[PDB]
Amino acid sequence: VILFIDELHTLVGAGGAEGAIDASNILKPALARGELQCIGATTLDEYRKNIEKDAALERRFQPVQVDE
Amino acid sequence: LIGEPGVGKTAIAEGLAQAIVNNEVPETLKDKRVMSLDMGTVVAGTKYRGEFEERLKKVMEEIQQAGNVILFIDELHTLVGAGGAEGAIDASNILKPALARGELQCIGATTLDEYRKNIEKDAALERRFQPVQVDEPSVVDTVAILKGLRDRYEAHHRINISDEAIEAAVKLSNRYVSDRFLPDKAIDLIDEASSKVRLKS
Amino acid sequence: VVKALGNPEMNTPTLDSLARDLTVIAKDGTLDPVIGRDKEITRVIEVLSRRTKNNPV
Amino acid sequence: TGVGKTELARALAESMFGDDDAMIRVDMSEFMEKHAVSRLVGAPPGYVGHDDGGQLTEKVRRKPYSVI
Ligand SMILES: Nc1ncnc2c1ncn2[C@@H]1O[C@H](COP(=O)(O)OP(=O)(O)O)[C@@H](O)[C@H]1O
Ligand SMILES: [Mg+2]
Ligand SMILES: [Mg+2]
């Protein structure tokens, strides 16, 4: 199974609550260890705004540039 | 373990585990179990009241009885507020009494930013942990790391990696990649080049 | 009638309930064709074939 | 005036990338005010758009090999 997560900027904070664990923290070990093949799609602004704050999560993804 | 993402704090923990397996330098750690705890696993399946509390408490009692377990909590900054609720207690306040009395030996792993924002704000939790700075390895150190890891990546990609490739990867990633840190970017360069040459044939 | 029309002999259920299978949708033929993106698709394949983090964004 | 120094920059950008629009152009004429430097390095700390960062910084980071 290859996983495609469109709008990857929604990964951070997804499912967070007063005492819950968000999706990014859960998925970090699998993403780092090459266990889950995740394809993400997001814009430059959304990437920088959401999934560059989490430097560890940014480290776990390889950006592919889609030019006009 | 304090360091920027990609330096290898988790690698430090796994190296400690491998050293324990082969030959631990001291006696007192000859027969120890290093167990990696994930807060998502602990919080999961605790939909009823206090199940998180009983689960973590049972974990702590089992640690106390066994006496040969070193708990490794990756992403230590996630310990604060975990499993909390409108009137419940987070995992950090559960672990504080055990750490203070001395029943728990924990190995944390967080970057400088998360450590400073989350752990330093609490004096009780901060006074039980000693930061161990993990610095970015040098160019020669990164070359040694890549040479050590060469076998696994060659096995995965079924190609041969030359020493000149290692040198070029580390030097070019040092000079032209700025947002990441030496071991991670050198490894990524090697891995992507290997995948490229494997896909071409 | 339903039994006569049916099967007399009567592995990732959570993901199937949650996600959409783009492969069966491509088999159906409802996805639009993609033209002239060979280099980007090749790069995606290269990132997907890595040993360490193989997650292209 | 009229002597082609800007046109030289456009020609260099075209030769090095293939199009004039690949050049990163920052007209200094809109930086007359002292606080207009916020468009280059971002809003001062504690202000509204402080976390967005500078526009020129992000454009250069996206294209480390360009003409400014
Ligand atoms: N001495 C080393 N030997 C082998 N691999 C290493 C070493 N140091 C770092 N690494 C690599 O660096 C990565 C560890 O990154 P890490 O800092 O744990 O990420 P995070 O900070 O997001 O947890 C591992 O994938 C590992 O392959
Ligand atoms: Mg880690
Ligand atoms: Mg001019």
# chains A, B, ... in the order shown; residues from 1 in each chain; ligands from 1
$ interface_residues --of "chain A" --to "chain B" --cutoff "8 Å" --atoms "only C-alpha atoms" --output "ChimeraX atom specification"
/A:18-21,25-26,55-56,59
$ select_by_dssp --residues "stretch 5-57 of chain D" --states "helix (DSSP H, G or I)" --output "ChimeraX atom specification"
/D:5-17,20-22,28-30,34-41,55-57
$ write_last_selection --atoms "N, CA and C atoms" --output "PDB file, in the first residue's frame"
ATOM      1  N   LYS D   5      21.314  49.087 -18.540  1.00  0.00           N
ATOM      2  CA  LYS D   5      21.851  48.312 -17.428  1.00  0.00           C
ATOM      3  C   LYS D   5      20.833  47.326 -16.866  1.00  0.00           C
ATOM      4  N   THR D   6      19.564  47.726 -16.759  1.00  0.00           N
ATOM      5  CA  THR D   6      18.522  46.764 -16.418  1.00  0.00           C
ATOM      6  C   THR D   6      18.377  45.703 -17.501  1.00  0.00           C
ATOM      7  N   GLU D   7      18.426  46.117 -18.771  1.00  0.00           N
ATOM      8  CA  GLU D   7      18.327  45.166 -19.872  1.00  0.00           C
ATOM      9  C   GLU D   7      19.464  44.155 -19.826  1.00  0.00           C
ATOM     10  N   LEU D   8      20.636  44.571 -19.341  1.00  0.00           N
ATOM     11  CA  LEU D   8      21.730  43.624 -19.151  1.00  0.00           C
ATOM     12  C   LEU D   8      21.365  42.564 -18.120  1.00  0.00           C
ATOM     13  N   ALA D   9      20.716  42.970 -17.027  1.00  0.00           N
ATOM     14  CA  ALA D   9      20.274  42.003 -16.028  1.00  0.00           C
ATOM     15  C   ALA D   9      19.248  41.040 -16.610  1.00  0.00           C
ATOM     16  N   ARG D  10      18.297  41.557 -17.395  1.00  0.00           N
ATOM     17  CA  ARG D  10      17.319  40.674 -18.028  1.00  0.00           C
ATOM     18  C   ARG D  10      17.989  39.710 -19.000  1.00  0.00           C
ATOM     19  N   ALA D  11      18.968  40.195 -19.766  1.00  0.00           N
ATOM     20  CA  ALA D  11      19.678  39.331 -20.703  1.00  0.00           C
ATOM     21  C   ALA D  11      20.444  38.238 -19.972  1.00  0.00           C
ATOM     22  N   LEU D  12      21.089  38.584 -18.857  1.00  0.00           N
ATOM     23  CA  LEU D  12      21.790  37.576 -18.069  1.00  0.00           C
ATOM     24  C   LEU D  12      20.823  36.539 -17.514  1.00  0.00           C
ATOM     25  N   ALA D  13      19.670  36.987 -17.010  1.00  0.00           N
ATOM     26  CA  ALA D  13      18.679  36.047 -16.497  1.00  0.00           C
ATOM     27  C   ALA D  13      18.177  35.123 -17.598  1.00  0.00           C
ATOM     28  N   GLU D  14      17.936  35.671 -18.791  1.00  0.00           N
ATOM     29  CA  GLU D  14      17.496  34.851 -19.914  1.00  0.00           C
ATOM     30  C   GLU D  14      18.561  33.841 -20.318  1.00  0.00           C
ATOM     31  N   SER D  15      19.823  34.266 -20.366  1.00  0.00           N
ATOM     32  CA  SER D  15      20.887  33.354 -20.767  1.00  0.00           C
ATOM     33  C   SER D  15      21.078  32.246 -19.742  1.00  0.00           C
ATOM     34  N   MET D  16      20.939  32.568 -18.456  1.00  0.00           N
ATOM     35  CA  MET D  16      21.214  31.583 -17.420  1.00  0.00           C
ATOM     36  C   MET D  16      20.021  30.687 -17.108  1.00  0.00           C
ATOM     37  N   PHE D  17      18.796  31.118 -17.409  1.00  0.00           N
ATOM     38  CA  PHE D  17      17.633  30.322 -17.033  1.00  0.00           C
ATOM     39  C   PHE D  17      16.688  30.065 -18.200  1.00  0.00           C
ATOM     40  N   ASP D  20      13.149  35.866 -18.757  1.00  0.00           N
ATOM     41  CA  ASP D  20      13.417  37.045 -17.940  1.00  0.00           C
ATOM     42  C   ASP D  20      12.732  36.960 -16.583  1.00  0.00           C
ATOM     43  N   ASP D  21      11.570  36.308 -16.514  1.00  0.00           N
ATOM     44  CA  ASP D  21      10.820  36.249 -15.265  1.00  0.00           C
ATOM     45  C   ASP D  21      11.485  35.365 -14.219  1.00  0.00           C
ATOM     46  N   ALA D  22      12.497  34.585 -14.600  1.00  0.00           N
ATOM     47  CA  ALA D  22      13.248  33.820 -13.613  1.00  0.00           C
ATOM     48  C   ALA D  22      14.090  34.717 -12.718  1.00  0.00           C
ATOM     49  N   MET D  28      13.836  48.890  -5.362  1.00  0.00           N
ATOM     50  CA  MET D  28      14.151  49.656  -4.163  1.00  0.00           C
ATOM     51  C   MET D  28      13.255  50.873  -3.990  1.00  0.00           C
ATOM     52  N   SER D  29      12.504  51.253  -5.023  1.00  0.00           N
ATOM     53  CA  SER D  29      11.677  52.450  -4.958  1.00  0.00           C
ATOM     54  C   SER D  29      10.523  52.325  -3.973  1.00  0.00           C
ATOM     55  N   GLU D  30      10.177  51.112  -3.548  1.00  0.00           N
ATOM     56  CA  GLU D  30       9.144  50.915  -2.542  1.00  0.00           C
ATOM     57  C   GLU D  30       9.722  50.693  -1.152  1.00  0.00           C
ATOM     58  N   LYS D  34      11.639  53.639   6.365  1.00  0.00           N
ATOM     59  CA  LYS D  34      12.573  52.861   7.173  1.00  0.00           C
ATOM     60  C   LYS D  34      12.017  51.477   7.485  1.00  0.00           C
ATOM     61  N   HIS D  35      10.727  51.402   7.815  1.00  0.00           N
ATOM     62  CA  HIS D  35      10.134  50.135   8.220  1.00  0.00           C
ATOM     63  C   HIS D  35       9.729  49.266   7.038  1.00  0.00           C
ATOM     64  N   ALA D  36       9.940  49.733   5.805  1.00  0.00           N
ATOM     65  CA  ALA D  36       9.625  48.924   4.634  1.00  0.00           C
ATOM     66  C   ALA D  36      10.568  47.740   4.479  1.00  0.00           C
ATOM     67  N   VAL D  37      11.649  47.694   5.256  1.00  0.00           N
ATOM     68  CA  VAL D  37      12.615  46.601   5.207  1.00  0.00           C
ATOM     69  C   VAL D  37      11.966  45.320   5.723  1.00  0.00           C
ATOM     70  N   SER D  38      10.780  45.449   6.323  1.00  0.00           N
ATOM     71  CA  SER D  38      10.026  44.279   6.758  1.00  0.00           C
ATOM     72  C   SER D  38       9.647  43.371   5.597  1.00  0.00           C
ATOM     73  N   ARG D  39       9.562  43.908   4.379  1.00  0.00           N
ATOM     74  CA  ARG D  39       9.246  43.076   3.225  1.00  0.00           C
ATOM     75  C   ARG D  39      10.393  42.152   2.842  1.00  0.00           C
ATOM     76  N   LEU D  40      11.606  42.425   3.316  1.00  0.00           N
ATOM     77  CA  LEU D  40      12.770  41.624   2.965  1.00  0.00           C
ATOM     78  C   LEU D  40      13.106  40.558   3.996  1.00  0.00           C
ATOM     79  N   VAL D  41      13.018  40.878   5.286  1.00  0.00           N
ATOM     80  CA  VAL D  41      13.467  39.966   6.331  1.00  0.00           C
ATOM     81  C   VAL D  41      12.311  39.607   7.255  1.00  0.00           C
ATOM     82  N   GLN D  55       9.876  38.039   2.424  1.00  0.00           N
ATOM     83  CA  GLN D  55       9.534  37.588   1.082  1.00  0.00           C
ATOM     84  C   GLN D  55      10.778  37.264   0.262  1.00  0.00           C
ATOM     85  N   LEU D  56      11.765  38.162   0.283  1.00  0.00           N
ATOM     86  CA  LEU D  56      13.004  37.923  -0.447  1.00  0.00           C
ATOM     87  C   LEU D  56      13.739  36.710   0.102  1.00  0.00           C
ATOM     88  N   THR D  57      13.740  36.544   1.425  1.00  0.00           N
ATOM     89  CA  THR D  57      14.419  35.401   2.026  1.00  0.00           C
ATOM     90  C   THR D  57      13.813  34.090   1.545  1.00  0.00           C
TER      91      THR D  57
END
$ residues_near_ligand --ligand "ligand 2" --cutoff "12 Å" --atoms "only C-alpha atoms and all ligand atoms" --output "ChimeraX atom specification"
/A:25,27-33,55-57,59-60 /B:1-14,36-38,72-77,107-111
$ interface_residues --of "chain D" --to "chain B" --cutoff "12 Å" --atoms "only C-alpha atoms" --output "NGL selection string"
:D and (61-65)
$ residues_around --residues "residue B:103" --least-positions-apart "4" --cutoff "10 Å" --atoms "only C-alpha atoms" --output "JSON, numbers by chain"
{"B": [60, 61, 63, 64, 65, 67, 95, 97, 98, 99]}
$ write_last_selection --atoms "C-alpha atoms" --output "PDB file, in the first residue's frame"
ATOM      1  CA  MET B  60       5.511   2.022  36.653  1.00  0.00           C
ATOM      2  CA  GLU B  61       4.885  -0.814  39.119  1.00  0.00           C
ATOM      3  CA  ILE B  63       9.306  -1.198  36.141  1.00  0.00           C
ATOM      4  CA  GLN B  64       9.802  -1.131  39.910  1.00  0.00           C
ATOM      5  CA  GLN B  65       9.413  -4.903  40.292  1.00  0.00           C
ATOM      6  CA  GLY B  67      14.448  -3.560  38.104  1.00  0.00           C
ATOM      7  CA  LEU B  95       6.098  10.055  36.049  1.00  0.00           C
ATOM      8  CA  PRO B  97       6.878  10.959  41.669  1.00  0.00           C
ATOM      9  CA  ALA B  98       8.573   7.841  40.288  1.00  0.00           C
ATOM     10  CA  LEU B  99      11.484   9.836  38.870  1.00  0.00           C
TER      11      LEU B  99
END
$ atom_distance --atom1 "atom CA of residue C:19" --atom2 "atom 20 (P, counted along the ligand's line) of ligand 1"
28.4 Å
$ closest_atom_pairs --of "chain C" --to "chain A" --cutoff "6 Å" --atoms "only C-alpha atoms" --output "CSV"
residue,atom,partner,partner_atom,distance
C:52,CA,A:34,CA,5.0
C:53,CA,A:34,CA,4.8
C:54,CA,A:34,CA,5.9
C:55,CA,A:38,CA,4.9
C:56,CA,A:62,CA,4.9
C:57,CA,A:40,CA,4.1
$ atom_distance --atom1 "atom CA of residue B:157" --atom2 "atom CA of residue C:41"
19.2 Å
$ interface_residues --of "chain B" --to "chain C" --cutoff "7 Å" --atoms "only C-alpha atoms" --output "JSON list (two decimals) with N, CA, C and O atoms, in the first residue's frame"
[["chain", "number", "residue", "atom", "x", "y", "z"],
["B", 153, "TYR", "N", 22.66, -0.05, 2.80],
["B", 153, "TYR", "CA", 22.11, 0.63, 1.64],
["B", 153, "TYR", "C", 22.48, -0.10, 0.35],
["B", 153, "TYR", "O", 21.67, -0.15, -0.59],
["B", 156, "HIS", "N", 20.07, -2.94, 0.16],
["B", 156, "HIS", "CA", 18.72, -2.52, -0.23],
["B", 156, "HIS", "C", 18.64, -2.18, -1.71],
["B", 156, "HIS", "O", 17.74, -2.65, -2.42],
["B", 191, "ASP", "N", 21.23, 7.74, -0.57],
["B", 191, "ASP", "CA", 20.06, 6.91, -0.80],
["B", 191, "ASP", "C", 19.37, 7.27, -2.11],
["B", 191, "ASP", "O", 18.99, 6.39, -2.89],
["B", 192, "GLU", "N", 19.20, 8.57, -2.36],
["B", 192, "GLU", "CA", 18.53, 9.00, -3.59],
["B", 192, "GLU", "C", 19.36, 8.68, -4.82],
["B", 192, "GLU", "O", 18.82, 8.25, -5.84],
["B", 195, "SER", "N", 18.99, 4.96, -5.43],
["B", 195, "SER", "CA", 17.69, 4.65, -6.01],
["B", 195, "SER", "C", 17.63, 5.09, -7.47],
["B", 195, "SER", "O", 17.04, 4.40, -8.31],
["B", 196, "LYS", "N", 18.25, 6.22, -7.80],
["B", 196, "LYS", "CA", 18.26, 6.70, -9.17],
["B", 196, "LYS", "C", 19.01, 5.75, -10.09],
["B", 196, "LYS", "O", 18.51, 5.39, -11.17]]
$ interface_residues --of "chain D" --to "chain A" --cutoff "10 Å" --atoms "only C-alpha atoms" --output "tab-separated table (two decimals) with N, CA, C and O atoms, in the first residue's frame"
chain	number	residue	atom	x	y	z
D	51	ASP	N	5.94	35.46	11.99
D	51	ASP	CA	6.27	34.07	11.68
D	51	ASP	C	6.28	33.78	10.18
D	51	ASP	O	6.82	32.75	9.77
D	52	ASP	N	5.68	34.65	9.37
D	52	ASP	CA	5.69	34.43	7.93
D	52	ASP	C	7.09	34.55	7.35
D	52	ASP	O	7.44	33.85	6.40
D	53	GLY	N	7.90	35.44	7.91
D	53	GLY	CA	9.24	35.66	7.41
D	53	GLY	C	9.27	36.58	6.20
D	53	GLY	O	8.24	36.97	5.64
D	58	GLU	N	12.48	34.01	1.52
D	58	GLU	CA	11.84	32.77	1.07
D	58	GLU	C	12.03	32.55	-0.42
D	58	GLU	O	12.24	31.41	-0.86
D	62	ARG	N	13.96	29.27	-1.86
D	62	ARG	CA	13.36	28.36	-2.83
D	62	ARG	C	14.26	28.17	-4.04
D	62	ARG	O	14.38	27.05	-4.56
$ atom_distance --atom1 "atom CA of residue B:79" --atom2 "atom CA of residue B:92"
5.5 Å
$ select_by_dssp --residues "chain A" --states "strand (DSSP E or B)" --output "count of residues only"
9
$ closest_residue --among "B:136, B:54, B:27, B:164" --to "ligand 1" --atoms "only C-alpha atoms and all ligand atoms"
B:136
